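So the structure is just underneath, and the comments pick up after that.
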Amino acid sequence: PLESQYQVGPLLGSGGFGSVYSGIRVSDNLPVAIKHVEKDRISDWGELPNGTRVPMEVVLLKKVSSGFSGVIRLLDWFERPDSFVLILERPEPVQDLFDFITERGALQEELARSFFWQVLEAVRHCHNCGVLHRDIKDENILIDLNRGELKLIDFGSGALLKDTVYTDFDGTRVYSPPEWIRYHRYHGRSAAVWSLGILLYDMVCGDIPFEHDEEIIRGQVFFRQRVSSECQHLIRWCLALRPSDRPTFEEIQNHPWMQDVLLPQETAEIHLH
Ligand SMILES: Cc1nc2cccc3c2nc1N[C@H](C)/C=C\C[C@H]1CNC(=O)c2cc-3[nH]c21
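Encoded structure:
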């Protein structure tokens, strides 16, 4: 079933998420990504409308799937005795934001604005679809280098969006909010805004602002690179200690630093080509 449909290429990466290979769909030569995840390594299980027991990740990807290119598209999935295999769309050429920032260092603010805006549109879409990502970070963002379009990947730490408190977390600790560190409690949207503040800092400074738990709890932001006052203000707002002091997504996108965003194509032409 999987063998007669897909042609497996080289390993793209492996980690907590599992193992992801490059691939081609034989029928139409479509570039794909083949993700393998061990059953033992999945703690978060979900159910389809069919009543079928699948990883939460599959549930969440189906819930976010549409013509919108800001989230990775799940094309197909398969169950093996000891693993689940996910077929994902693969943009070509592509590079993850972590690698991109590593190569460029700190991003120009115009470029950071375009990237951050697109991330915001992607996250808002997820929330509007009842999906919380819980792992927003540079490594989980792909850049379509031709089109200047960004894509959220890896919903393996995600959950159904709810208005009540989360007492579980499996994403990246250095992106997690002080209320998680201190109390093991957080709410979806406000935790997501914190991680977005970490991400934005990372874009404009070339690195994350905090490494240790004590740094997260203190939440004192030091800028190691030249960053405009407007951007600094937005970052500090997203990184407010009290979750209710953090901006809503609307407030972020209405912020003066976020005005006059480039289109993705304009972004690629100026910054990527
Ligand atoms: C180059 C590349 N293309 C991709 C296309 C579709 C989906 C993924 C993807 N990943 C890469 N490269 C990255 C660096 C490799 C592993 C990261 C891994 C992280 N978790 C995922 O679910 C996922 C999806 C893709 N990649 C991942």
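Numbering (the deposited numbering), first residue to last: 33 to 305. Cβ coordinates follow ideal geometry from the N, Cα and C atoms, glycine included.
- Query: Among all the DSSP beta bridges, which residues are the ones paired with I66?
  - Reply: Its beta-bridge partners are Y53, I119.
- Within 8 Å: the Cβ of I74 and any heavy atom of ligand 1? Look at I74: its beta carbon is at least 8 Å from all of the heavy atoms in ligand 1.
- Exposed or buried, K95, counting other C-beta atoms within 10 Å across all chains shown (16 or more means buried)? Under this definition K95 is a buried residue.
- Query: Heavy atom of ligand 1 less than 8 Å from the Cβ of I267, yes or no?
  - Reply: For ligand 1, not one heavy atom lies less than 8 Å from the Cβ of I267.
- Task: Give a yes or no on whether the C-beta atoms belonging to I284 and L143 are separated by under 9 Å.
- Result: Taking 9 Å as the cut-off, the beta carbon of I284 is found no closer than this to the beta carbon of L143.
- Query: At what residues does the beta strand (DSSP E) containing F110 begin and finish?
  - Reply: Residues 106-111.
- Message: Just to confirm, is the Cβ distance from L304 to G180 under 9 Å?
- Response: In this structure, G180 lies closer than 9 Å to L304 by Cβ.
- Task: Report the rounded CA-to-CA distance for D114 versus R136, giving the unit in angstroms.
- Result: Near 40 Å, if we compare the C-alpha coordinates of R136 and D114.
- Sorted by chain position, which residues of the same chain lie with C-beta nearer than 7 Å to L43's C-beta, five sequence neighbours on each side aside? Apart from sequence neighbours up to five positions away, the residues of its chain that approach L43 with a beta-carbon distance below 7 Å are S51, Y53, ordered along the chain.
- Item | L129 versus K71: straight-line alpha-carbon distance, rounded | Inter-residue distance for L129 and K71 is about 28 Å (C-alpha atoms, whole angstroms).
- Message: Going by the DSSP bridge assignment, what does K183 pair with across the sheet?
- Response: In the DSSP assignment, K183 forms a beta bridge with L174.
- Message: Is the beta carbon of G190 closer than 9 Å to that of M290?
- Response: Remark: C-beta atoms of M290 and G190 do not approach each other more closely than 9 Å.
- Report yes if the C-beta distance between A224 and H159 is below 9 Å; otherwise report no. Going by C-beta atoms, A224 is nearer than 9 Å to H159.
- Task: Could you spell out where the alpha helix (DSSP H) holding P296 opens and where it closes?
- Result: It spans 296-299 - the alpha helix (DSSP H) in which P296 sits, taken as one unbroken run.
- With 16 other CB atoms within 10 Å as the buried threshold, where does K183 fall? Burial of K183 is indicated by the presence of at least 16 other C-beta atoms within 10 angstroms of its C-beta.
- Task: Please list, in chain order, all residues of the same chain as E79 whose beta carbon is under 8 Å from its beta carbon, the five residues on each side excluded.
- Result: Answer for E79: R85, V86, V91, listed in chain order.
- Message: Just to confirm my understanding: we take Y207, look at its own chain, exclude 5 residues before and 5 after, and list those with CB closer than 6 Å. What are they?
- Response: Non-local C-beta neighbours of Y207 in its own chain, meaning closer than 6 Å and more than five positions away in sequence, comprise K169, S227, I230, ordered along the chain.
- Item | Cβ-heavy atom distance, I185 to ligand 1, below 8 Å | Distances between the C-beta of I185 and the heavy atoms of ligand 1 include at least one below 8 Å.
- Message: Can you look up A138 in the DSSP assignment and give me helix, strand or coil?
- Response: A138: coil per DSSP, three-state reduction.
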